[PDB]
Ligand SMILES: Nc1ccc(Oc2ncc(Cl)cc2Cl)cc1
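Given as structure tokens, the chain that follows is alone and in the form deposited without this ligand.
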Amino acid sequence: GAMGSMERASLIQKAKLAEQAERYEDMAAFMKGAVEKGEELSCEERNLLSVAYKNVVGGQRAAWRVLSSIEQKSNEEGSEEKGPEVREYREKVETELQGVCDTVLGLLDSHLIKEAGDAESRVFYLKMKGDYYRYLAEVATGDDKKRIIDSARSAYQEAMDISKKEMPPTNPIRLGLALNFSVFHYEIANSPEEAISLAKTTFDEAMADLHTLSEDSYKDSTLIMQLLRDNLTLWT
């Protein structure tokens, strides 16, 4: 624990500073240290954790896609052999990405999920588990690509089951979970019809519950509903 000597509260404070400075690797390391203090995370702290690692892995995924595209081109017919360098460097980025994903999955398994009893925390963490297995799936090609995909699906499914039982259809965590599970179906599991069906049902059931919300909750819910609609427009 490189952050083991820093107070939990100081780690959270510095995570917020790192965010303002757009230093997301630092933000992630501060939040990792905060999780490893062993106390449950508040709602704000959970979102600091997810924002930090989302930004880190998001940059890695963007770089991996650039490099994978170059690699695919250099492997086409008529291409000039430039040697092992493109593959080596894509592999380097891929390994770093897998390391970040394993770290996040490690925090969820030790011991954020098992200590999360409320729907709002348990669904949030299981959505994260699905998301980070999804990112591992995006780069997987070995004897365990199918097992990685099923690990993502399993986590997403447990989160959906809880969210449908315990949260209203407009809950932003429920909505965001369905958004991402829908993308999982479309992009990972090769189930575009399930992806479209999930996004549409999620949108329609949220629409019918908007009348119950305050202006501030309405804004939060309609924001994610628009992302569901955006994806449906991309897919139909």
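Note that residue numbering follows the sequence shown and begins at 1. Between two forms, the rigid core is the largest collection of C-alphas that superpose within 1.5 Å.
Undergrad: Fitting on the rigid core only, I'd like to know which of the two stretches, 184 to 192 or 206 to 214, ends up farther away in Cα terms in 9 other deposited structures of this protein.
TA: It is 206 to 214 that deviates more in 9 other deposited structures of this protein.
Undergrad: Between 16 to 24 and 216 to 224, where do the CA atoms move more in 9 other deposited structures of this protein, taking the root mean square over the structures and residues after a core fit?
TA: Looking at 216 to 224 and 16 to 24 in 9 other deposited structures of this protein, the bigger mover is 216 to 224.
Undergrad: Could you find out if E76 - modelled in this structure - is missing from at least a third of the other PDB entries compared that contain residues on either side?
TA: Residue status for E76: gap in at least one third of the other entries.
Undergrad: 26 to 34 versus 57 to 65: which one carries the higher mean Cα B factor per the record?
TA: So the stretch with the higher mean C-alpha B-factor is 57 to 65.
Undergrad: State which stretch shows the higher mean Cα B factor in the entry: 150 to 158 or 124 to 132.
TA: Taking the mean C-alpha B-factor of 150 to 158 and of 124 to 132, the larger value falls to 150 to 158.
Undergrad: Kindly indicate the residue among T170, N190, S50, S42 with the greatest C-alpha B-factor in the PDB record.
TA: Among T170, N190, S50, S42, the highest C-alpha B-factor in the entry belongs to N190.
Undergrad: Pull the Cα B-factor of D102 out of the PDB entry and bin it into the chain's lowest, middle or highest third.
TA: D102: CA B-factor falls in the lowest third of its chain.
Undergrad: Consider only the C-alpha atoms of the modelled residues in this chain, order them by B-factor as the entry records it, and name the third containing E85: lowest, middle or highest.
TA: Highest third, going by the recorded CA B-factors of the chain.
Undergrad: Sorting by Cα B-factor within the chain, modelled residues only, which third would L112 end up in: lowest, middle or highest?
TA: Answer is lowest: the recorded C-alpha B-factor places it there.
Undergrad: How does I12 rank on Cα B-factor within its chain, lowest, middle or highest third?
TA: Ranked within chain, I12 CA B lands in the middle tercile.
Undergrad: Ranked by Cα temperature factor within the chain, is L213 in the lowest third, the middle third or the highest third?
TA: Highest third.
Keep in mind the form solved in complex with this ligand is missing from the figure; the text below concerns it.
Undergrad: What I'd like checked is whether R153, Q157 and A189 together line this ligand in the deposited complex, meaning each has a non-hydrogen atom within 4.5 Å of it.
TA: Result no, not one residue of the spot touches this ligand.
Undergrad: Give a yes or no for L67: in the deposited complex, does one of its heavy atoms lie within 4.5 Å of a heavy atom belonging to this ligand?
TA: Result no; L67 lies far from this ligand in the deposited complex.
Undergrad: So which residues in 189 to 207, when you check this ligand in the deposited complex, have a heavy atom no farther than 4.5 Å from it?
TA: The stretch 189 to 207, when checked against this ligand in the deposited complex, contributes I196, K200, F203 at the 4.5 Å heavy-atom cut-off.
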